[PDB]
Amino acid sequence: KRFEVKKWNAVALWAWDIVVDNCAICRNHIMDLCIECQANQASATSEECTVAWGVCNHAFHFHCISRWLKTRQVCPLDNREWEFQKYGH
Amino acid sequence: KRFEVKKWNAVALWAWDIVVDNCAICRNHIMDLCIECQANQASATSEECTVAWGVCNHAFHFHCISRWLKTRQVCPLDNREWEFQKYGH
Amino acid sequence: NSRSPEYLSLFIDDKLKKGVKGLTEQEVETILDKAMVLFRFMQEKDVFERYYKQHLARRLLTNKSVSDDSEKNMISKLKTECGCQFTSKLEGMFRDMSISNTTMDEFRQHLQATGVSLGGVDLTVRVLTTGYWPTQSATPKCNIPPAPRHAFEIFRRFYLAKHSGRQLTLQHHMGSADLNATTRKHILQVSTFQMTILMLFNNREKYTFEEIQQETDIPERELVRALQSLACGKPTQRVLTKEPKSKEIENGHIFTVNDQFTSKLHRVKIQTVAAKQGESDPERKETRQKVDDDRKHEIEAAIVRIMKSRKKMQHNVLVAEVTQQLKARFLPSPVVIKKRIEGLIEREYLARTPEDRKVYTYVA
Amino acid sequence: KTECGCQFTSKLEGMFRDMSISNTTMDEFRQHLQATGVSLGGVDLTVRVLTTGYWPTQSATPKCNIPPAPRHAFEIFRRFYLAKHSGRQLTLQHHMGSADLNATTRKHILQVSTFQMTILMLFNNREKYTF
Ligand SMILES: [Zn+2]
Ligand SMILES: [Zn+2]
Ligand SMILES: [Zn+2]
Ligand SMILES: [Zn+2]
Ligand SMILES: [Zn+2]
Ligand SMILES: [Zn+2]
């Protein structure tokens, strides 16, 4: 051949049990609003209701994990304290 | 080929020194009665005389380890308190 | 009826199978409290615990990530409702789960080491204990697929090079797999039952019942079922078709394969197992005799452990105590316990001299 | 840490721990690929393993066609990461990384930053292409 690849340096991202089909705190979806919100509108009044990203690469609706920060703290799927390394998908 | 296996998820069970040829307490066999039974019948009178399974995955005739629990406790082939995680082979 | 506690068992089963009943986490706590309250006014807890452990085995030896948090709530409610008995057995089973996952990751690490045979391209072996987990079957020894052959050989060599003394046993009635088929490359799924038949088809197509029963040596009992899981009674996603279309299974029937592009993804699974809860006569009666033997265990153990630090009976004195200790467990079964207490005579350990029923041997 | 305090640079120390994770996983995967190494497509591989929230999203993991021997290399790496590091989902993307394209009067090795690999591979398969 005329051009042959010798080296490569891809960077491979990884995700924990974010469950893109059922946020593990509302059992709905990674998106599509949370249990209490549901209706896209339901008096949105600014604020938000997107997705929260932890340091342990787990994902839930911001609301569900903020209301779960009162029940416990350390992300249940692991044992590390839940952090907020992101906001939104 | 037309069908190629990519993943597999067997579950592999394991056994300690159950010695399927010789109960370690009385030395007769894993089954086939014990020293305190000998003859299959010997006035069976209901009751039993099968095999006892510990949590440390060791096996003996139910009576042999029941009589050994009157002499000691920690399963003879280790230093773990003998439990009764099963009855029968 | 004892079928009502078997039905509470099947309720637990289908409930945790859905794994979505009640999206609201508050409605989950309330429904669980109501469930344990309903269980409070229920007798025959032995069959309940047996079927709950069977459901644990069914939900843990399958696709993971069901809830990952509700198990702690379940074991806490069991501790607060049943006590520290079969729940301690559940804690032992969870320690077993920990052992399995740790051994699995360790073996993946040790395979990233040799990697000689490509048989273990992607592997997921689980190590459990013959105890906690119920007697699966007679460890079937049917012909196993070769890349899986190489994977199992590597795993056994590793487990014998390090954990000597822990003999491994091969079986087929547990687990799953992902069969990469190939216009796109749709990956199928086989639950350790259709692997051998599909491998024999890969080696040579146009087989029948005689070919899979002659050069495979597989227990006929659990063979016809996986045969029909692959054909008889399949929706329009058939991965194994035949020319003699019929309900009953014949002998000389050729097997073929169909495309079935209805799979809108690359991971299509055939979940014919775990169908509608039938609870057939054979298995049900087998487990019923098993739990009768378990109640025998209960009574005998109770007697040998308690009557060693108590007084003696004349006719029917200690039986009242041994039934009161088991009042919250199951029925007293007077005839059964009376027939079983008089068997210990020819084995010592609380022999209970019948004729000289005036002083029992307070020895070991 | 001495000017703005924990929070931001605390997450930054977490990100340097993630960098340690990546450089250990890269060396570990090269060790796994030593079996039949410098062969087929897995000749010289340098895979990096990062975490979602940690790194900024420049895009939504693009899914364009990937290259020649690089196909075999990526397949081997994915099989290894699913056999040994089973537990995470390796999403594929193109908007990151680089490569060294060995061209061939001498053999001058070029460089492609994961963007020109597919077009050059399609040219290798058949020249005289267009938009
Ligand atoms: Zn949610
Ligand atoms: Zn919300
Ligand atoms: Zn987490
Ligand atoms: Zn014995
Ligand atoms: Zn005996
Ligand atoms: Zn032992």
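For chain A, we keep the numbers from Swiss-Prot: what you see runs 20-108, in order.
Header lists the method as electron microscopy, 7.9 Å.
Including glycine, each Cβ sits where the backbone N, Cα and C put it.
Among the candidates A:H77, A:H82, the residue that Swiss-Prot annotates alongside A:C53, A:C56, A:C68 as binding Zn(2+) 2 is A:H82. Checked against ligand 1, the binding-site residues A:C56, A:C68, A:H77, A:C94, A:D97 give no residue with a Cβ less than 6 Å away from one of its atoms.
Of all the Cβ atoms in the protein chains shown, 23 others lie within 10 Å of the Cβ of A:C53 (Zn(2+) 2 binding site). If you compare Cα positions, A:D97 (Zn(2+) 3 binding site) sits closest to A:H82 out of the binding-site residues A:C53, A:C56, A:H82. Residues of the zinc finger (A:53-98) grouped by DSSP class, helix first, strand second and coil last, total 10 helix, 7 strand, 29 coil. Within 10 Å of A:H80 (Zn(2+) 1 binding site), as judged by C-alpha distances, the binding-site residues found are A:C53, A:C68; the full candidate list was A:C53, A:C68, A:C94.
The residues near the Zn(2+) 3 site, meaning same-chain residues not in A:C75, A:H77, A:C94, A:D97 whose C-beta sits within 8 angstroms of the mean position of the site's C-beta atoms, are A:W35, A:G73, A:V74, A:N76, A:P95, A:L96, A:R99, A:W101, in sequence order.
Note: A:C45, taken in sequence order from the binding-site residues A:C42, A:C45, A:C53, A:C94, A:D97, have a C-beta within a distance under 8 Å of a chain C C-beta.
The two recorded residues, A:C53 (Zn(2+) 2 binding site) and A:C45 (Zn(2+) 1 binding site), have Cα atoms 6 Å apart. Same-chain residues at least 6 positions away in sequence with a Cβ under 8 Å from that of A:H77 (Zn(2+) 3 binding site) are, in sequence order, A:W35, A:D36, A:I37, A:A43, A:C94, A:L96, A:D97, A:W101.
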